[PDB]
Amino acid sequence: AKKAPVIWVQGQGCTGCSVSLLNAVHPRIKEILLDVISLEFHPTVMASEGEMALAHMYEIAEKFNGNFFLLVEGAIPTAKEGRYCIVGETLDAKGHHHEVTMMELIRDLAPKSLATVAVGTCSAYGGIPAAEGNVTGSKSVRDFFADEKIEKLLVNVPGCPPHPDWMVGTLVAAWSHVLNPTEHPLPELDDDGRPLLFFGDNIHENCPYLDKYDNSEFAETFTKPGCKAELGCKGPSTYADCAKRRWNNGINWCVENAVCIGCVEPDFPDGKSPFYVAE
């Protein structure tokens, strides 16, 4: 009956995790919003703005204390006292304005949540904003929780972006657990806090090009037949179910089209780069 309450916050994100969620099927996004979750706060799509939006967010976090999912898209920058990501402004009772940093927002909301779900490689692992060359002290949710000594149930759903099936599936599994924990145990997580349901399979082991790989039949260029290994494919070091699930309602996937770039992995992008050089 009751929908899962969700507060969806964005740090150093690109909105791609949100856009990927909009691509959900079975259920589609209309049914997700009207039947599955109560999306209480989401900066990209919600009707209210500014003071009203923030007041609503905090009201839900209070009313549904210990009973909402905090969804985090994007990384948390810690340099310069958090000032590389300002998420809003709060107007106290005297008229004075105070900016809210991503650090402050997560420190505030995470202890109020039932669970935090880091969607996307940015929030889960740091991803591109935390890659070599950045000067923002960009940090993952898990590292920020560790630094802050915040003990809150945390599930990572990585990918850049994650497949909507991974995000929907994980959230539904979490909510089912809360509603009946002995009938619906929490999904088993790997050492990096991501569900084995979606991230247990190795791409390469499950790849339809594996026969070609075994016969040393490698594509000389993108538009030639063969395994993609010499073109830079990171399937061998990447764990996701893309080979089975494919992308955009089964239309295509990275390996058929081009190469896997290892987007779900905690070392994406630096440990998967250069993208067009073999592993």
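All residue numbers refer to positions in the sequence shown, first residue = 1.
The mean C-alpha temperature factor is higher for 171-179 when 171-179 and 105-113 are set side by side. 35-43 and 212-220 differ in mean CA B-factor, and the higher of the two is recorded for 212-220. The PDB entry assigns its highest CA temperature factor, among 163, 149, 204, 194, to 149. Per the PDB record, 100 has a higher Cα B-factor than any other of 100, 130, 76, 154. The entry lists a Cα temperature factor for residue 4 that places it in the middle third of the chain's modelled residues.
Compared with the other modelled residues of the chain, the Cα B-factor recorded for residue 248 ranks in the lowest third.
For residue 91, the recorded CA B-factor ranks within the highest third of the chain. Only modelled residues enter the ranking.
Among the modelled residues of its chain, residue 239 has a C-alpha B-factor that falls in the middle third, as given in the PDB entry.
Per the PDB record, residue ranking by Cα B-factor puts residue 52 in the middle third of the chain.
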